[PDB]
Amino acid sequence: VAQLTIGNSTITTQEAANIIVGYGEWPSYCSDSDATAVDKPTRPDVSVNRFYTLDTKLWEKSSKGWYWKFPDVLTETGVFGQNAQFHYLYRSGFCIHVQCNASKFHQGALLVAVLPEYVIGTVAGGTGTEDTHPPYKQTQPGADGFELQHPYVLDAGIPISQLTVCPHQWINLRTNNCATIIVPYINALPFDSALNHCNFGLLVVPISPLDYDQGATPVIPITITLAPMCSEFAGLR
Amino acid sequence: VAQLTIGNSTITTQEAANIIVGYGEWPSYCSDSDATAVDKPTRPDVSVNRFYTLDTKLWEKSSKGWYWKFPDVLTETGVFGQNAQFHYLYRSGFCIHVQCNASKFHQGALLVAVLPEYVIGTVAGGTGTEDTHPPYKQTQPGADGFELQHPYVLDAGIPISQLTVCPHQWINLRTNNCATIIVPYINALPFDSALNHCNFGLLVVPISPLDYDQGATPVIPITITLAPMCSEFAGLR
Amino acid sequence: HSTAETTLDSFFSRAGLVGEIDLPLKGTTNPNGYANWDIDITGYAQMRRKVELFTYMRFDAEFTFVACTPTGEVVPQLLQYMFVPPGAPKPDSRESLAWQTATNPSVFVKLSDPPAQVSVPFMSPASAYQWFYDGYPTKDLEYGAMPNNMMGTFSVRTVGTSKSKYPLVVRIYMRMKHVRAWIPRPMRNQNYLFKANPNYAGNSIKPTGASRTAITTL
Amino acid sequence: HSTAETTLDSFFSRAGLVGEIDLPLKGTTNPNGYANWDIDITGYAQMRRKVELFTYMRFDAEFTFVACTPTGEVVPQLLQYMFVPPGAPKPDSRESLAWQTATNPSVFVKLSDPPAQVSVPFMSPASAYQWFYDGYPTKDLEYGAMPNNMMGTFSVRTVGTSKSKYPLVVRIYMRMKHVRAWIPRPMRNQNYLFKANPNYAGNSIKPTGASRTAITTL
Amino acid sequence: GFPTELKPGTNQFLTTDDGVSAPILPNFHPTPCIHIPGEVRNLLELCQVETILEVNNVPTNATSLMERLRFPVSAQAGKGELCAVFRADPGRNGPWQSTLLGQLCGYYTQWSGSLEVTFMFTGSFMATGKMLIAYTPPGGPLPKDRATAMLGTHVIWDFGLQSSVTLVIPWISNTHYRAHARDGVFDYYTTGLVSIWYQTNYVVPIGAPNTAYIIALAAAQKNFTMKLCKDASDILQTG
Amino acid sequence: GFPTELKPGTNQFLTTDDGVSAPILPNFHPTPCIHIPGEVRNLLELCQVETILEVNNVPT
């Protein structure tokens, strides 16, 4: 055990569990011979790139699962949400860290994976004849996130049973509590909009339900801490 | 400031403003292995090639613009008009010099460009149903030149806004007053008729209108001085 | 010992049927002896789910045209197939000047002449066609709309000033070639409802596969 | 990073439609089952303005012939396409001996046979075709007339001593190849009135492009 | 003979197939190409040429069309006032239609590169003052006032010192597709904006006109490009 | 010309024949492929990935 720091942010975390570098690539920058070599894109290092610790969600027996969108989650938050908004283009890598705090008397298993272009699909009326498009509160939940309503198909008509095909990591209470994931910038373009397009979405679902005997804390706090890697911006407004 | 001379002609001009060598080529002669290697074409040097100073045109607030045709302008003038007429073929390069004389209290901007095969198009009746062909006084104005009547389309259905695509030079009263242009022989043939075909036309139009407060001279004299370069002729009559 | 068949190209080869034009004489259907077909590769049912296995893709398409009368008959009639690239205007009528715009590749062939066949490049202004877009283009109805995935339109019509003398049927096949794919994703396990979004039936949510009685009986 | 598409050749490729011959049975139009078409590259509307961007040009043309009946039908009829170079005499009748003058290239083909196709060279006795001529040939009606820009005539007719049994329609496409251009010039911003001169409507003189209210409002 | 199987596409006529055909006149030796000045090889040569941008594209009255070429500045305009504004939309309607660049964009579907506008003050030599020229990248709304525009990428222009000034537009990309009415148009959205404010007022001594005009000239950098030939025009050869 | 005899199969359309056809847009230079993470090349890559097996496939 030891604590790492990035500016004014200091998190207490375990030595170095197995990290998952999504798709074997490290969030790097973008060279000079690109599309916009004129408007030299300024890369934040100071405060912009540090440890943000989102409002902890409480695991319950009935919990269905949660998901956040990127970069949406932060475009609201602090000095990073500052850049994302008053800037024309954005490319950024991510270090995501998820941890639970539970006694050796709780049981559960959370799959935690990242899914590019996570496009939500609602119920469509029920009988299948209403072309209802997911709201804005469902498409970009912010930093509070949003709860799945049909985990089995990941609110989008895809088996979750196959989500492992994405950069994932498991959190089995009886073995580990913290899971870490490095995500590179993934998109069909070098740069893009930070407010219109959500390159990906963080998924965390209880595959084995939370359980405990009466008397033990009934809710397990899940704490998501995340940090931007090699983040770049272009065209101030 | 200094004065250059070519025979009996002596013009007082500024040291050496930026000259525009049209299309990056210098008015050169034509070698022996051509179409008429027999009738060795005599090249005038003596008087034929010197400084002609055309009847100065007076710039006004209402002025629409002026244009001359080549070699037409000179086929009337002096010993050069002598050769052009009593000779069968002609090829010649040109040094054109345009200058205004105005107090630092006048304002204006004249675009001065040269346009190959400048073919005049009249109004065509007005409603568009009369196939009226431009007169001879409009097609070959001589050394007095001729005034545009529809500058915007350069009396020919083409935007002037795009005339810069031709060898041009600007004359902004608050910066310069003299503009110079070197023109090479341009035609689909080595030689041609000096009285039937006008290889090009000199254009000079007020893009920013002449202006001044009451009391300052109301007309700005524009003086065109020009000199033939590597001019050749063949077949005397 | 060989695994050539499990490659992407192997998986996506084969020219499948993705389009069918009807040009009846008397009819409610395409009354002006012409038709416009915006290129949809979902035209081959089976397709959608196969491609939706990946997030991004790239490829070229080989189009082969099969034309005959409804009974599959061959007749002396000439035809014009026009490809209007994306951004180019499709013909609104059987005499639209679009039919003559050089910038719209067109190919002519007699029904007798064997199938027409041409290759079409990777259009998209983006680096890859992307089946999923989690955003909107600068609650909405523009969600999941990556337009830069348009391949273009195919306009078909009988040659000549007058309607054709025969009822015609064109079939469009498409072989995908030179394929590259990125970011694999969960195989659609629910039925598709719309051509645009991934929406499903929230009542009829079925288990990925066949169920059984007990977990101790086979 | 590549700029192959912005080249001259790229810009002027594509075989466009520049001609259409009608050979009806009963008609006021071409009553003698034959027709003469002096080669006009302005035949493709869009063309004129594109070429008139340059003062001089040079190129070869590939001609492709498409023939059918008005409904775009194919029939067992043979045809003669005759190219009469400039300076050669065009046929005044359906039996003019010009049709048999060896010095007039001719090509025969059945309607069934696929399109006829030939290349025609840079004719002009001058070093280049020139779209603008500021003079007269040794107020006049001969102004702007550079005749040495003639490519020739194309004479078409049904083979045989007698009129054809079918109504026919020939279409002529032309791809320009090996292009070279000189002295660029202002893009025509006014409507064309005549095929010969640049004359425009002196009443209807319109601003090059869309106007707006104030120079402070968008 | 030699065994062969004909493949689909046999006997077809592709209007874009650049194969070879038989020469009608095999013996003909076409008159030799001689040297002619200013040969153009690739259109992008033209796109890099400065053409007059009709920013003042407001008068339509036939005899005032020459006015579109130049807009003016005067004493009457107070400090801070917005002189003029326009977008960085080469291919779309408006100002750019006058430039040669604009007209060439029309024969193409897509494009991208850095642009470059140059302003020329044509007023009396005795006049002086400052103009603030600001660029608001795509998305950023036209700055409320001079001061807010002062915080953006701007340039203070003192035509008392230099009669010309050139602004560079870092980037513009007509790549985002749009299928509005039922007619699909690969449109901008990158409508970068160029505002121009009177930093100071127009100052002049007795004897000099209290108004002067300015000329906009635009062209694209060497990094410009275009894709998808698309012939389109309102002007065509009449019957 | 050059002597030839056409063999059976001439003029046929095989939905699996991977020959070449004429490019509709000869001058077009398609936007360059840039680097994108996790490219798949052969499906068997996917087959070696651990997926959840619904052994308890009983509740519906």
# chains A, B, ... in the order shown; residues from 1 in each chain; ligands from 1
>>> residues_around(residues="range 6-17 of chain A", least_positions_apart="2", cutoff="7 Å", atoms="only C-alpha atoms", output="PyMOL selection string")
chain A and resi 1-4+19+47+50-51
>>> write_last_selection(atoms="C-alpha atoms", output="PDB file, in the first residue's frame")
ATOM      1  CA  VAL A   1       0.000   0.000   0.000  1.00  0.00           C
ATOM      2  CA  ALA A   2       1.081   3.584  -0.817  1.00  0.00           C
ATOM      3  CA  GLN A   3      -0.363   6.923  -2.028  1.00  0.00           C
ATOM      4  CA  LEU A   4       0.244   8.577  -5.429  1.00  0.00           C
ATOM      5  CA  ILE A  19      -3.933  -2.922 -14.845  1.00  0.00           C
ATOM      6  CA  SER A  47      -4.242  21.158 -13.110  1.00  0.00           C
ATOM      7  CA  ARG A  50      -5.180  15.021 -12.253  1.00  0.00           C
ATOM      8  CA  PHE A  51      -7.367  12.844  -9.980  1.00  0.00           C
TER       9      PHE A  51
END
>>> residues_around(residues="residue 192 in chain A", least_positions_apart="6", cutoff="7 Å", atoms="only C-alpha atoms", output="number ranges by chain")
A: 89-91
>>> residues_around(residues="residue 38 in chain F", least_positions_apart="4", cutoff="9 Å", atoms="only C-alpha atoms", output="VMD selection string")
(chain A and resid 22 to 25) or (chain C and resid 181 to 184)
>>> write_last_selection(atoms="N, CA, C and O atoms", output="short mmCIF file (atom, residue, chain, number, x, y, z; two decimals), in the first residue's frame")
data_model
loop_
_atom_site.label_atom_id
_atom_site.label_comp_id
_atom_site.auth_asym_id
_atom_site.auth_seq_id
_atom_site.Cartn_x
_atom_site.Cartn_y
_atom_site.Cartn_z
N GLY A 22 -6.28 -1.09 -22.30
CA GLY A 22 -7.20 -1.39 -23.39
C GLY A 22 -6.64 -1.43 -24.79
O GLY A 22 -6.10 -0.44 -25.30
N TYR A 23 -6.76 -2.60 -25.42
CA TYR A 23 -6.30 -2.84 -26.78
C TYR A 23 -4.79 -2.77 -26.97
O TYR A 23 -4.29 -2.59 -28.09
N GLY A 24 -4.07 -2.92 -25.86
CA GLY A 24 -2.62 -2.89 -25.87
C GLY A 24 -1.95 -1.58 -26.24
O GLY A 24 -0.73 -1.56 -26.48
N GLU A 25 -2.71 -0.49 -26.28
CA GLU A 25 -2.16 0.82 -26.63
C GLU A 25 -2.20 1.85 -25.50
O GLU A 25 -3.16 1.91 -24.71
N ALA C 181 -11.28 -4.13 -39.93
CA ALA C 181 -12.21 -3.82 -38.84
C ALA C 181 -11.54 -3.59 -37.50
O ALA C 181 -10.50 -4.17 -37.20
N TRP C 182 -12.17 -2.76 -36.68
CA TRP C 182 -11.64 -2.42 -35.37
C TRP C 182 -12.68 -2.52 -34.28
O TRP C 182 -13.88 -2.53 -34.55
N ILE C 183 -12.20 -2.57 -33.04
CA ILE C 183 -13.04 -2.62 -31.86
C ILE C 183 -14.24 -3.56 -31.97
O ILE C 183 -15.35 -3.14 -32.29
N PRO C 184 -14.04 -4.86 -31.68
CA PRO C 184 -15.13 -5.83 -31.76
C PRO C 184 -16.11 -5.60 -30.61
O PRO C 184 -15.72 -5.06 -29.57
#
>>> interface_residues(of="chain A", to="chain C", cutoff="9 Å", atoms="only C-alpha atoms", output="PyMOL selection string")
chain A and resi 23+115-129+131-140+150+152-153+155-166+186-189+193+195-200
>>> atom_distance(atom1="CA of residue 148 in chain B", atom2="CA of residue 173 in chain B")
21.4 Å
>>> atom_distance(atom1="CA of residue 218 in chain A", atom2="CA of residue 61 in chain A")
8.1 Å
>>> residues_around(residues="range 181-183 of chain B", least_positions_apart="2", cutoff="6 Å", atoms="only C-alpha atoms", output="ChimeraX atom specification")
/B:19-22,93-96
>>> calpha_fit_and_write(fixed="chain C", moving="chain D", output="CSV table (one decimal) with C-alpha atoms, in the first residue's frame")
chain,number,residue,atom,x,y,z
D,1,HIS,CA,-4.2,-26.8,-39.9
D,2,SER,CA,-5.1,-23.7,-42.0
D,3,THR,CA,-7.2,-20.8,-40.9
D,4,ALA,CA,-7.8,-18.9,-44.1
D,5,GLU,CA,-11.5,-19.2,-43.9
D,6,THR,CA,-11.7,-17.4,-40.5
D,7,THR,CA,-10.2,-14.1,-41.8
D,8,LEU,CA,-12.2,-10.9,-42.2
D,9,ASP,CA,-12.0,-10.9,-46.0
D,10,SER,CA,-13.1,-14.5,-46.1
D,11,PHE,CA,-16.0,-13.8,-43.8
D,12,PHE,CA,-17.3,-10.8,-45.8
D,13,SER,CA,-16.6,-11.9,-49.4
D,14,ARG,CA,-19.4,-13.3,-51.5
D,15,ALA,CA,-21.6,-11.0,-53.5
D,16,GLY,CA,-25.0,-10.8,-51.8
D,17,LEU,CA,-28.3,-9.4,-53.0
D,18,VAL,CA,-28.8,-6.0,-51.4
D,19,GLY,CA,-31.2,-4.4,-53.8
D,20,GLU,CA,-34.2,-5.0,-56.2
D,21,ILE,CA,-35.8,-2.4,-58.5
D,22,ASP,CA,-39.2,-2.8,-60.0
D,23,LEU,CA,-40.1,-1.0,-63.2
D,24,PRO,CA,-43.6,-2.2,-64.1
D,25,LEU,CA,-45.6,-0.8,-67.0
D,26,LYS,CA,-48.9,-0.3,-65.2
D,27,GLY,CA,-48.3,0.3,-61.6
D,28,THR,CA,-48.3,2.3,-58.4
D,29,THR,CA,-44.6,1.3,-58.1
D,30,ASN,CA,-42.0,3.6,-59.8
D,31,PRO,CA,-44.5,5.1,-62.2
D,32,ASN,CA,-41.9,7.1,-64.2
D,33,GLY,CA,-39.9,4.2,-65.5
D,34,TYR,CA,-36.9,5.0,-63.3
D,35,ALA,CA,-35.8,4.6,-59.6
D,36,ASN,CA,-33.3,5.9,-57.1
D,37,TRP,CA,-31.6,3.5,-54.7
D,38,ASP,CA,-29.5,5.0,-51.9
D,39,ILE,CA,-26.8,2.3,-51.2
D,40,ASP,CA,-27.8,0.3,-48.1
D,41,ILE,CA,-25.6,-2.7,-47.3
D,42,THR,CA,-28.2,-4.0,-44.9
D,43,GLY,CA,-30.1,-5.0,-48.0
D,44,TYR,CA,-28.8,-8.5,-47.4
D,45,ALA,CA,-30.7,-9.4,-44.2
D,46,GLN,CA,-28.0,-11.5,-42.7
D,47,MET,CA,-25.5,-8.6,-43.1
D,48,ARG,CA,-26.5,-6.1,-40.4
D,49,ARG,CA,-25.6,-8.4,-37.5
D,50,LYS,CA,-22.3,-9.5,-39.1
D,51,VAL,CA,-20.9,-6.1,-39.6
D,52,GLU,CA,-22.4,-4.9,-36.2
D,53,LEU,CA,-19.8,-7.2,-34.6
D,54,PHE,CA,-17.3,-4.4,-35.1
D,55,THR,CA,-17.3,-0.7,-34.3
D,56,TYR,CA,-15.3,0.6,-37.3
D,57,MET,CA,-14.8,-0.9,-40.7
D,58,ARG,CA,-13.4,0.0,-44.1
D,59,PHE,CA,-13.8,-1.6,-47.6
D,60,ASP,CA,-14.6,-1.5,-51.3
D,61,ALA,CA,-17.7,-2.8,-53.0
D,62,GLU,CA,-18.1,-4.6,-56.2
D,63,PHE,CA,-21.5,-4.2,-57.7
D,64,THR,CA,-23.0,-6.6,-60.2
D,65,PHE,CA,-26.4,-5.8,-61.9
D,66,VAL,CA,-28.9,-8.4,-62.9
D,67,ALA,CA,-31.8,-7.3,-65.0
D,68,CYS,CA,-34.7,-9.2,-66.6
D,69,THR,CA,-38.5,-9.2,-66.8
D,70,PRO,CA,-40.5,-10.6,-63.8
D,71,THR,CA,-40.4,-14.1,-65.3
D,72,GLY,CA,-36.6,-13.8,-65.6
D,73,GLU,CA,-36.8,-13.1,-69.3
D,74,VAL,CA,-34.2,-11.3,-71.5
D,75,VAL,CA,-35.3,-8.6,-73.9
D,76,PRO,CA,-33.7,-6.1,-76.4
D,77,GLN,CA,-33.9,-3.1,-74.1
D,78,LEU,CA,-31.0,-0.8,-73.2
D,79,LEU,CA,-30.5,0.6,-69.6
D,80,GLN,CA,-28.7,3.3,-67.8
D,81,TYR,CA,-27.3,2.9,-64.4
D,82,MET,CA,-26.2,6.1,-62.8
D,83,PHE,CA,-24.2,6.4,-59.7
D,84,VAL,CA,-24.6,9.7,-57.9
D,85,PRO,CA,-21.8,10.2,-55.4
D,86,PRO,CA,-22.9,11.5,-52.0
D,87,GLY,CA,-23.4,15.3,-52.2
D,88,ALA,CA,-24.5,15.0,-55.8
D,89,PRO,CA,-28.2,15.6,-56.6
D,90,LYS,CA,-30.4,12.6,-57.4
D,91,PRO,CA,-32.8,12.8,-60.4
D,92,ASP,CA,-36.3,14.0,-59.4
D,93,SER,CA,-37.8,12.9,-62.8
D,94,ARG,CA,-37.2,10.8,-65.8
D,95,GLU,CA,-35.8,13.9,-67.5
D,96,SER,CA,-33.8,15.5,-64.7
D,97,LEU,CA,-30.5,16.9,-66.1
D,98,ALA,CA,-28.7,14.9,-63.5
D,99,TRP,CA,-28.9,12.0,-65.9
D,100,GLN,CA,-26.5,13.9,-68.1
D,101,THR,CA,-24.1,15.3,-65.5
D,102,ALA,CA,-20.7,13.9,-66.4
D,103,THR,CA,-19.7,13.9,-62.7
D,104,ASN,CA,-22.2,11.2,-62.1
D,105,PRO,CA,-20.6,8.0,-63.5
D,106,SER,CA,-23.1,6.2,-65.6
D,107,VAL,CA,-22.8,2.8,-67.4
D,108,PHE,CA,-25.0,1.6,-70.2
D,109,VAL,CA,-25.7,-2.0,-71.1
D,110,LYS,CA,-28.2,-4.1,-73.0
D,111,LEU,CA,-30.3,-6.7,-71.1
D,112,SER,CA,-28.7,-9.2,-73.4
D,113,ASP,CA,-25.2,-8.1,-72.5
D,114,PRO,CA,-24.0,-10.1,-69.4
D,115,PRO,CA,-24.2,-8.4,-65.9
D,116,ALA,CA,-22.9,-5.0,-65.5
D,117,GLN,CA,-20.1,-4.8,-62.9
D,118,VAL,CA,-18.2,-1.9,-61.2
D,119,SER,CA,-16.1,-1.3,-58.1
D,120,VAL,CA,-16.9,1.6,-55.7
D,121,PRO,CA,-14.3,3.0,-53.3
D,122,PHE,CA,-14.2,3.9,-49.6
D,123,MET,CA,-16.2,7.1,-49.8
D,124,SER,CA,-16.5,8.3,-46.2
D,125,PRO,CA,-14.6,11.5,-45.5
D,126,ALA,CA,-13.8,9.9,-42.1
D,127,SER,CA,-11.0,7.3,-41.7
D,128,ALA,CA,-13.6,4.5,-41.4
D,129,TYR,CA,-17.2,3.7,-41.7
D,130,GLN,CA,-18.5,3.5,-38.1
D,131,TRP,CA,-21.6,1.5,-37.3
D,132,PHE,CA,-22.1,3.2,-34.0
D,133,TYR,CA,-22.0,6.9,-33.1
D,134,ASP,CA,-22.6,7.9,-29.5
D,135,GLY,CA,-23.6,11.5,-30.0
D,136,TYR,CA,-25.3,14.1,-32.3
D,137,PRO,CA,-24.0,16.1,-35.3
D,138,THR,CA,-23.3,19.8,-34.4
D,139,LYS,CA,-33.8,13.7,-26.2
D,140,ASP,CA,-33.1,14.2,-30.0
D,141,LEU,CA,-33.8,12.5,-33.3
D,142,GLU,CA,-30.2,13.0,-34.5
D,143,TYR,CA,-28.8,10.4,-32.1
D,144,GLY,CA,-26.5,7.7,-33.5
D,145,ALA,CA,-26.4,9.4,-36.9
D,146,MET,CA,-23.0,9.2,-38.5
D,147,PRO,CA,-23.9,10.6,-42.0
D,148,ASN,CA,-20.3,10.4,-43.3
D,149,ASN,CA,-21.2,6.7,-43.9
D,150,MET,CA,-23.0,7.4,-47.1
D,151,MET,CA,-21.8,5.5,-50.1
D,152,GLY,CA,-24.1,7.2,-52.6
D,153,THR,CA,-27.1,6.6,-54.8
D,154,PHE,CA,-27.8,4.4,-57.7
D,155,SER,CA,-30.3,5.7,-60.2
D,156,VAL,CA,-31.7,3.3,-62.7
D,157,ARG,CA,-33.8,3.8,-65.8
D,158,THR,CA,-34.7,2.6,-69.3
D,159,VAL,CA,-32.8,4.5,-71.9
D,160,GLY,CA,-34.7,6.6,-74.3
D,161,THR,CA,-37.2,9.5,-74.3
D,162,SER,CA,-40.2,7.1,-73.9
D,163,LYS,CA,-41.3,4.5,-71.4
D,164,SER,CA,-39.9,1.0,-72.0
D,165,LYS,CA,-42.0,-1.6,-73.8
D,166,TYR,CA,-41.3,-4.2,-71.1
D,167,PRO,CA,-41.8,-4.6,-67.3
D,168,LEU,CA,-38.4,-4.7,-65.8
D,169,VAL,CA,-36.7,-6.0,-62.6
D,170,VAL,CA,-33.1,-5.1,-61.6
D,171,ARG,CA,-31.2,-6.9,-58.9
D,172,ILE,CA,-28.1,-5.5,-57.2
D,173,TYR,CA,-25.5,-7.7,-55.7
D,174,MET,CA,-22.6,-6.4,-53.7
D,175,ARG,CA,-19.3,-8.1,-52.9
D,176,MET,CA,-17.3,-6.4,-50.1
D,177,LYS,CA,-13.5,-6.4,-50.7
D,178,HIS,CA,-10.3,-5.3,-48.9
D,179,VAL,CA,-11.9,-5.3,-45.4
D,180,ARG,CA,-10.4,-3.9,-42.2
D,181,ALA,CA,-12.2,-3.8,-38.8
D,182,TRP,CA,-11.6,-2.4,-35.4
D,183,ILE,CA,-13.0,-2.6,-31.9
D,184,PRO,CA,-15.1,-5.8,-31.8
D,185,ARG,CA,-18.4,-5.8,-29.8
D,186,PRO,CA,-21.2,-8.1,-28.4
D,187,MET,CA,-23.2,-10.0,-31.0
D,188,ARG,CA,-26.7,-8.6,-31.3
D,189,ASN,CA,-28.9,-11.0,-29.3
D,190,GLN,CA,-32.2,-9.1,-29.6
D,191,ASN,CA,-34.4,-8.5,-32.7
D,192,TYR,CA,-33.9,-5.4,-34.7
D,193,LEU,CA,-36.7,-2.9,-34.9
D,194,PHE,CA,-35.3,0.0,-37.0
D,195,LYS,CA,-32.7,0.5,-39.6
D,196,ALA,CA,-31.3,3.5,-37.7
D,197,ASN,CA,-31.0,2.7,-34.0
D,198,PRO,CA,-30.3,-0.4,-31.8
D,199,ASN,CA,-33.7,0.0,-30.1
D,200,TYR,CA,-35.3,-3.3,-29.2
D,201,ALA,CA,-38.6,-4.6,-27.8
D,202,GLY,CA,-38.6,-4.0,-24.0
D,203,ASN,CA,-41.4,-6.6,-23.5
D,204,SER,CA,-40.1,-9.3,-25.7
D,205,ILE,CA,-36.6,-9.4,-24.2
D,206,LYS,CA,-35.6,-13.0,-25.0
D,207,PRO,CA,-32.6,-15.0,-23.6
D,208,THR,CA,-29.7,-15.2,-25.9
D,209,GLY,CA,-30.2,-18.9,-26.4
D,210,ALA,CA,-32.3,-22.1,-25.9
D,211,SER,CA,-33.3,-22.7,-22.3
D,212,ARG,CA,-33.7,-26.0,-20.4
D,213,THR,CA,-35.5,-27.4,-17.3
D,214,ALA,CA,-32.9,-27.8,-14.6
D,215,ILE,CA,-29.2,-27.1,-14.5
D,216,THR,CA,-28.8,-30.8,-13.7
D,217,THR,CA,-30.6,-32.3,-16.6
D,218,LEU,CA,-29.4,-32.5,-20.2
>>> closest_residue(among="E:113, E:106, E:160, E:95", to="residue 231 in chain E", atoms="only C-alpha atoms")
E:106
>>> interface_residues(of="chain F", to="chain E", cutoff="9 Å", atoms="only C-alpha atoms", output="JSON, numbers by chain")
{"F": [2, 3, 4, 5, 6, 7, 8, 9, 10, 11, 12, 13, 19, 21, 22, 23, 24, 25, 26, 27, 28, 29, 30]}
>>> write_last_selection(atoms="N, CA, C and O atoms", output="compact mmCIF listing (two decimals), in the first residue's frame")
# COMPACT_ATOMS: atom_id res chain seq x y z
N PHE F 2 -5.79 -11.32 -82.43
CA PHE F 2 -5.19 -12.45 -81.72
C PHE F 2 -6.24 -13.57 -81.54
O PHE F 2 -7.26 -13.37 -80.89
N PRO F 3 -5.99 -14.77 -82.12
CA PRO F 3 -6.88 -15.94 -82.07
C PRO F 3 -7.30 -16.43 -80.69
O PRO F 3 -6.45 -16.69 -79.83
N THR F 4 -8.60 -16.57 -80.50
CA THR F 4 -9.17 -16.99 -79.22
C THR F 4 -10.45 -17.84 -79.38
O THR F 4 -11.18 -17.68 -80.35
N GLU F 5 -10.69 -18.72 -78.42
CA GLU F 5 -11.88 -19.57 -78.40
C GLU F 5 -12.47 -19.42 -77.00
O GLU F 5 -11.78 -19.67 -76.02
N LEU F 6 -13.73 -18.99 -76.91
CA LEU F 6 -14.35 -18.84 -75.60
C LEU F 6 -14.78 -20.18 -75.01
O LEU F 6 -15.40 -21.00 -75.69
N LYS F 7 -14.45 -20.39 -73.74
CA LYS F 7 -14.77 -21.63 -73.03
C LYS F 7 -16.00 -21.52 -72.11
O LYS F 7 -16.30 -20.44 -71.59
N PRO F 8 -16.73 -22.63 -71.91
CA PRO F 8 -17.92 -22.62 -71.05
C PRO F 8 -17.71 -21.92 -69.71
O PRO F 8 -16.71 -22.14 -69.02
N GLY F 9 -18.67 -21.09 -69.35
CA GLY F 9 -18.58 -20.33 -68.13
C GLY F 9 -18.42 -18.90 -68.57
O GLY F 9 -18.37 -17.98 -67.76
N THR F 10 -18.31 -18.71 -69.88
CA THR F 10 -18.18 -17.38 -70.43
C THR F 10 -19.51 -16.70 -70.18
O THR F 10 -20.57 -17.32 -70.32
N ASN F 11 -19.45 -15.43 -69.78
CA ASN F 11 -20.63 -14.60 -69.51
C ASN F 11 -21.42 -14.95 -68.25
O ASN F 11 -22.50 -14.40 -68.03
N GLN F 12 -20.90 -15.86 -67.43
CA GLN F 12 -21.62 -16.22 -66.23
C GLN F 12 -21.25 -15.33 -65.05
O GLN F 12 -20.18 -14.72 -65.02
N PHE F 13 -22.16 -15.27 -64.09
CA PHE F 13 -22.00 -14.47 -62.89
C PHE F 13 -21.89 -15.39 -61.68
O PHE F 13 -22.90 -15.93 -61.23
N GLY F 19 -12.97 -11.76 -58.99
CA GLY F 19 -12.19 -11.10 -60.02
C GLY F 19 -12.19 -9.60 -59.77
O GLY F 19 -12.57 -9.13 -58.70
N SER F 21 -13.18 -5.61 -61.20
CA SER F 21 -14.14 -4.88 -61.99
C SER F 21 -13.63 -3.46 -62.14
O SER F 21 -12.71 -3.05 -61.44
N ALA F 22 -14.23 -2.73 -63.07
CA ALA F 22 -13.83 -1.35 -63.33
C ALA F 22 -14.19 -0.38 -62.21
O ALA F 22 -15.32 -0.38 -61.71
N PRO F 23 -13.24 0.46 -61.80
CA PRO F 23 -13.45 1.44 -60.73
C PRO F 23 -14.33 2.56 -61.25
O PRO F 23 -14.00 3.23 -62.24
N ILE F 24 -15.44 2.77 -60.57
CA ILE F 24 -16.39 3.80 -60.96
C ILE F 24 -15.74 5.20 -60.94
O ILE F 24 -15.94 6.00 -61.86
N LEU F 25 -14.94 5.49 -59.91
CA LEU F 25 -14.28 6.80 -59.76
C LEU F 25 -12.77 6.68 -59.85
O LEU F 25 -12.08 6.64 -58.83
N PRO F 26 -12.23 6.64 -61.06
CA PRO F 26 -10.79 6.51 -61.23
C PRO F 26 -9.88 7.57 -60.59
O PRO F 26 -8.78 7.27 -60.15
N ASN F 27 -10.35 8.80 -60.52
CA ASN F 27 -9.50 9.84 -59.97
C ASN F 27 -9.59 10.01 -58.48
O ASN F 27 -8.71 10.58 -57.85
N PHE F 28 -10.66 9.50 -57.90
CA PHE F 28 -10.89 9.63 -56.47
C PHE F 28 -9.83 9.04 -55.56
O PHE F 28 -9.48 7.86 -55.67
N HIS F 29 -9.31 9.86 -54.64
CA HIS F 29 -8.32 9.41 -53.66
C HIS F 29 -9.02 9.40 -52.30
O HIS F 29 -9.12 10.42 -51.62
N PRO F 30 -9.53 8.22 -51.90
CA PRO F 30 -10.25 7.98 -50.65
C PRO F 30 -9.45 8.39 -49.43
O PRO F 30 -8.26 8.09 -49.33
